[PDB]
Structures are given as C-alpha cells and as structure tokens.
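Top to bottom, those sequences are chains A and B. All residue numbers for the first sequence refer to the numbering used here, where the first residue is -10 and numbers rise by one. All residue numbers for the second sequence refer to the numbering used here, where the first residue is 15 and numbers rise by one. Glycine included, C-beta positions come from ideal geometry on N, C-alpha and C. Take a look at the structure below.
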Amino acid sequence: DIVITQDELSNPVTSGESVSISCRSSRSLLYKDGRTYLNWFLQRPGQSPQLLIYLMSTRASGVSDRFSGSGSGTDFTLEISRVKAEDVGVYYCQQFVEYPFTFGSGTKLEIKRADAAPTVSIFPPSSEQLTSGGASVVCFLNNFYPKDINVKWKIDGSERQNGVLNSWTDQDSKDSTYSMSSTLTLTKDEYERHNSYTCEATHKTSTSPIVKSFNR
Amino acid sequence: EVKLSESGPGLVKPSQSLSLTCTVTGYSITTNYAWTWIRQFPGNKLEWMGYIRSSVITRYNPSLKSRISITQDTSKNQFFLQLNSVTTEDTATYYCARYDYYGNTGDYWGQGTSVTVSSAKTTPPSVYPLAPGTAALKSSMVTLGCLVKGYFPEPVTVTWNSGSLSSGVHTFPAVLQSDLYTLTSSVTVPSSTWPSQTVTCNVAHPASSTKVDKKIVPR
Ligand SMILES: COC(=O)[C@H]1[C@@H](OC(=O)c2ccccc2)C[C@@H]2CC[C@H]1N2C
C-alpha cells in the first residue's frame, strides 16, 4: 500500500561523528490525533530488529538518548548522535497508519575507522576430507578495513579461478573491521597433481599483495 | 521476563504448510496487543504478515492471499502461524512480535526462526579441522579453523571450546551450491596456548539433530 523509501548513506561515519538517516512516505503518516505513526528499528548484524523510536520521535524504553527522531508528515529523520562502533547495522522505518504496516528497505550504517591490512592464513585440506576424495584449501583474510579486497589463488604459480567460493562477514560491532574467507575446492586427485598453493590478498593498505602459501 | 520465542521446523517442502509457534513468556497472551508475524527475506526486505488480537480476531497482508491463518491457544500462552501451499519464495526468517496501538513493540520481537522451503534433503555437515601447514612467526598469534561442509538446510551454530573461546572468532556466512551449504569459522589464539592447550570446534546442526566436535590437532 504505502511505499516507504529510505536514503542510502553514501559514506562511512567515524565513531564520535553524528549522522542523519532519512525515510519518506508516499502518504502522510500524520494522523487525526496529531501523532505521526512512524517507527525506526535497528537490526544489528545477526540479530532481530530492535525498536528505537515510535510515533516519529518517542524513544522506546531503554534506547540510548543518542537516538532521536523528527520529521514532518512525509519526510522523517533519525539522528544518531556520537556514533559508536556498536551502532553498526541496518536502520529501518515502518509506517503504522495503513494496513499492511509496511517497512522501508533499510539504510546500512558503515563505521569509518583507520585502514587495517588483513591477517591472512592459508590451510591445506585435512586428511579427513582427503579420505572422502575431496580437497578444500581455505584462506582467511581477517580484520581488515576498508571492505574492498581482492583474493587471487595460484597453483604452482598459475592463477586459478574455478572452484573458488568467497564469503564476507558483516562489519564487526566492536572493532569495525571486516573479514573474508575464500575456499578453493578440488578433487583429491586434482589436488595431488600440484605442489604449491597460494592465496594472495590485495587491499588498499599495500601496493604489493599479501601472499600466503604452502607446499603439498 | 516478557519475551517472545518462535519455534517450528526449519525446512518445509513446497506445496506443504509451514507452521510456527510463538510462545509468549513472562506475561499473559490475553493482554490486549496485536500479536504479529513478520518475515524477512534473503536480501533483508521485511514483510508484515498479519496479527491476531482478542484471541480470535485476525487480519492479514493481502500479499498472502488466502494462504495464511493465525490462531491462538490461550491455555499455552501461544499464537501460531500457518502458511499454506508454500513455495521457495516463502523462504525467510520469521519473527513474532507484539504491537500496541501506537506502533510500539517494546523489546517484544522474537529471535527469529529460519524456514527454508525446498525439496532438498536434510543433510548433516562434515566438519574438517583447519590446522596450519607448518610453523610460522610464533610468540604471537595463530589462526585455526573449522570447515563445515555439505549440510542442508541452514543454520549451523559454531562454537569454540564449547563457547569458552569467544574472542577472536569469525564464523563466515554459508555459501550454497547444489543444495548444500558450506561455511568456515576461524579462531585466533596466542601461539603459547596451541597446541599445548586444546582447541575444538563444536558444530551443531539442529535440523538433522547432529552436533559434532572436531579437535584441531597440529599437522
Ligand atoms: C489501520 O489501522 C491503523 O493504522 C490504526 C492503528 O492500528 C490499529 O487500530 C490496529 C488494530 C489491530 C491490529 C494492529 C493495529 C494504528 C495507528 C493508531 C490508529 C490508526 N493508526 C494511525
């Protein structure tokens, strides 16, 4: 029914800065009783949504007074004062004037922190996996910032693109870094055809890749 | 105190019904709220599904057509979601919540229950230890891990030393391929503590009633 639109945050916010997050409604949420029925929620990485504000400007019980809401009848703003690492997550608005009570699609808050190079670790396939005929080589690239990162696999000095699956964590609520795992999966027999396996991480913190390798 | 807890199957086959239970704790379900179901899709869009109020009065999102029923069992302090004729598009995390007239939910949103709608077979993970190839810069930190391969459906829970190892852990989102998921978890500990002190990953997959411990032993 009502479509709620949220603005993207173009830029990460350093701890201690304040930031405004906005949402808009296709219809006025100001009701005949003078109250404006707009909720804001925070969904922290991996958790259920937590109500921050209802009735456009009333803080939910227990919510930090760093959060405040304002707006007219169709444009709304959540102000987060003195942002903390733990404020990272997705902020959603919801209207409560017309059924069904639709949600916006969320605004992700990213925290800006000092650049950090990844700690890179490479692991050979386990003997348990090899007995089943499989061979996964795992590389962790942990606790880096900013999120942009490239991993390249090399086998006996040649780039390998197939059989690689990557996964990235959300931003950490404590230290504001990111991590990534890259797994190269081969058969045991393919694995046994080569000797040197290399994971190479390229990140803004150095012009030269961080290279971790082992020999089978 | 006052909280809400969802339960129900994590996997349902297409065309069958999805049933979930919300148990209200601390407080009687006869208090006058809109006892609500919300779901969150992969990609994180939220959808209001419907409510029950006053034990017997309901309203639903027209998006759900005639497929949804919410009911209540006052004697158990529970309300229920039944969503019929499911398809893969009903795969989501389902939440229950308590709404009041002003839109206030308080802290009353459930933890969420993942429901996957799929014809794929429940499969427990194989859990493989990730131990470092040889030695490296010691007197500092060592990273270990666990590869959790080939399970269905989500989720798995990974802990290290039964939860005693909590700092320095990264459990990565799973990746799905050929109806099986794979995920890894890393832990970083002082080189002084391993291998002299044991490190074990504990991997639970409730959907298949399986829990596995894998001790990480040096190569
Ligand atoms: C569609 O009904 C509403 O949105 C109303 C109200 O919602 C309900 O009356 C209601 C009834 C049953 C379940 C959930 C909400 C929320 C606020 C206050 C009045 C009005 N709205 C502006």
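Quiz item: Between B/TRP49 and B/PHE93, is the Cβ-Cβ spacing less than 8 Å?
Solution: yes
Quiz item: Over what stretch of residues does the beta strand (DSSP E) that includes B/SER200 continue unbroken?
Solution: 194 to 204
Self-check item: Those residues which DSSP pairs with B/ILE43 across a bridge
Solution: DSSP, once it has assigned bridges, lists no residue as partnering B/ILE43.
Quiz item: Going by the beta-carbon positions, is the gap between B/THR214 and B/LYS163 smaller than 8 Å?
Solution: no
Practice problem: Return the CA-CA distance between B/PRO28 and B/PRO167, expressed in angstroms with no decimal places. | Solution: 14 Å
Quiz prompt | Where B/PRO56 falls, given that 16 or more other Cβ within 10 Å makes a residue buried | solution = exposed
Quiz item: Apart from the five residues just before and just after B/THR72, which ones in its own chain have a Cβ nearer than 7 Å to its Cβ?
Solution: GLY64, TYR65, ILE66, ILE84
Exercise. Using three-state DSSP, classify B/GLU15 as helix, strand or coil.
Key: coil
Practice problem: Confirm the yes/no value for this check: CB of B/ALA111, any heavy atom of ligand 1, distance under 7 Å. | Solution: no
Quiz prompt | Length of the line joining the Cα atoms of A/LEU40 and B/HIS184 | solution = 27 Å
Self-check item: Rounded C-alpha distance that separates A/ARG102 from A/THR3
Solution: 6 Å
Quiz item: Quick one: what's got a C-beta closer than 7 Å to B/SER205's C-beta in the same chain, skipping five residues either side?
Solution: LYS152, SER153, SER154, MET155, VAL156
Quiz item: By how many angstroms is the C-alpha of A/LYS21 removed from the C-alpha of B/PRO187?
Solution: 46 Å
Quiz item: Do B/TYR122 and ligand 1 come close, with the Cβ less than 7 Å from some heavy atom?
Solution: no
Exercise. Taking A/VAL86 as the reference, give the member of A/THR63, A/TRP142, A/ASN184 with the closest Cα.
Key: A/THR63
Quiz prompt | Beta-carbon neighbours of A/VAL79, restricted to chain B and to distances below 8 Å | solution = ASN58
Quiz prompt | Where A/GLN(-5) falls, given that 16 or more other Cβ within 10 Å makes a residue buried | solution = buried
Quiz prompt | A/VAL86 CB to nearest heavy atom of ligand 2 below 7 Å | solution = Although ligand 2 was asked about, the structure shown includes only ligand 1 as ligands.
Quiz item: Do you know how far the Cα of A/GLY152 is from the Cα of A/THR172?
Solution: 8 Å
Practice problem: Quick one: measure Cβ to Cβ for A/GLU99 and A/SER162, integer angstroms, because I've assumed they're closer than 8 Å. | Solution: Not really, about 12 Å apart at Cβ, beyond 8 Å.
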